[PDB]
């Protein structure tokens, strides 16, 4: 189970050909599960879910998809509301792979994509597990933009190694996780011109007329599946107060909060996160 052995590609149609990179594992397994990664600079499926994919693949057929704008998937210079854009791409990949209704696991940005998908194609998504998700979160107490978003914007404006490190440090409770190796690797991926293309495309997408499609906290009362919200108590990007509207309005919701954990739950609490996910998705 490595990057190379699990690597796959597919071409879907979202206003034209779009190349999606993804990782496939646990192919002999019955239940199919899609993982959607968070949206930092240099973020991709493999680095996001490295402490989780092997474990989940003993029970599930795992599909960890690099979202458009990330990893080795297409980095267009223009797109609409990002979660709708990515959800369309996922709709394409589902139909291609012949998937019917499949549970979604998404953190941060990918959580928003999972949610945006589940609202746009209700019959296609089963249970959702969502770690500090964007979109359905609305910070009732934290002034926006939060510290983490501020630091991300600062990197988008001035893409230096120092700025990138500052941003990664508010991602976690244990700052020792932020090693020189991790910063160098994230920075290399993030400072390529295509990635910079993807960052401008994201920035321009915010001025879009379809901004309302990103405010998914207005819509999640319609979700009929069970939804497991997972949060780090010390999350500085999407703080804990952001969970309240979803927890209240999603009929079959559950919330799990870990203390001494930041934005990257699937890394800082990989083990507890793996079991909660396996158990919630039915054990396989």
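Residue numbers count along the first chain shown, from 1.
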Checklist entry - Is the mean CA B factor in the deposited entry higher across 53-61 or across 254-262? => result 53-61
Checklist outcome for this item: Quick note on 28-36 and 231-239: per-entry mean CA temperature factor is higher in 28-36
Checklist outcome for this item: From the entry's CA B-factor values, the highest among 207, 166, 119, 130 is 207
Item to check | Most elevated Cα B-factor in the entry, residues 171, 114, 90, 140 | outcome: 90
Item to check | Among modelled residues of the same chain, the CA temperature factor third for residue 161 | outcome: highest
Item to check | residue 94, C-alpha B-factor rank within chain (lowest, middle or highest third) | outcome: highest
Next on the checklist: Quick check for you: using the entry's CA B-factors within this chain, is residue 154 in the lowest, middle or highest third?
Outcome noted: middle
Next on the checklist: How does the C-alpha B factor of residue 10 compare with the rest of the chain: lowest, middle or highest third?
Outcome noted: highest
Next on the checklist: Is residue 211 in the lowest, middle or highest third of its chain when residues are ranked by C-alpha B-factor?
Outcome noted: highest
